[PDB]
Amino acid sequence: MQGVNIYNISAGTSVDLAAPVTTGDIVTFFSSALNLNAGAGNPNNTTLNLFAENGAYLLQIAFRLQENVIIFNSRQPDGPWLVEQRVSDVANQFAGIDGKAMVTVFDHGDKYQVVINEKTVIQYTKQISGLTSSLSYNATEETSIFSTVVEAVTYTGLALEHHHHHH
């Protein structure tokens, strides 16, 4: 059945989900601040990650102000970072809303749709499949583009399909 779980993630920490995020599920990270002028990343200012039980980075959303880009990538816990998908102009993706923001990730089975506020910035074809068992928000107090603590809200058990058969 459908359920809502709330997690308050401090910068530099991660949490295990009470209910895994799977195909048809949604997770939204809410930030109470938007620091588009934060310190220089190294090279990341902020990273939002969806982890598989084996620690694989199912999806990482990395924000880089200096390089002015949002990187989407995946990799096994002991494997190399895979093919990066980039979105230029970090500020433009958040335009329209200041002092706060939200990043939503839809798990569509074959792809991860990421939406910054109301704007879909990418339909990311998965490079690694599997259910998300933990989330993380990594950054330092001085260079994060988001608030010290980011609230993650997962909407699980959502999957709804209408099967139409033909022959």
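Each residue number is its position in the shown sequence, starting from 1.
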**Prompt:** For the stretches 135-143 and 65-73, which has the higher mean C-alpha B-factor as given in the deposited record?
**Reply:** 135-143
**Item:** Which of 155-163 and 20-28 has higher mean CA B factor, as the PDB entry lists it
**Value:** 155-163
**Asked** Which of these, 48, 58, 36, 121, has its C-alpha atom at the highest B-factor, as the entry lists it?
**Response** 36
**Request:** Using the temperature factors in the entry, find which of 44, 113, 127, 54 has the highest value at its Cα atom.
**Result:** 54
**Request:** Would you mind ranking residue 89 by its C-alpha B-factor against the rest of the chain and naming the third, lowest, middle or highest?
**Result:** middle
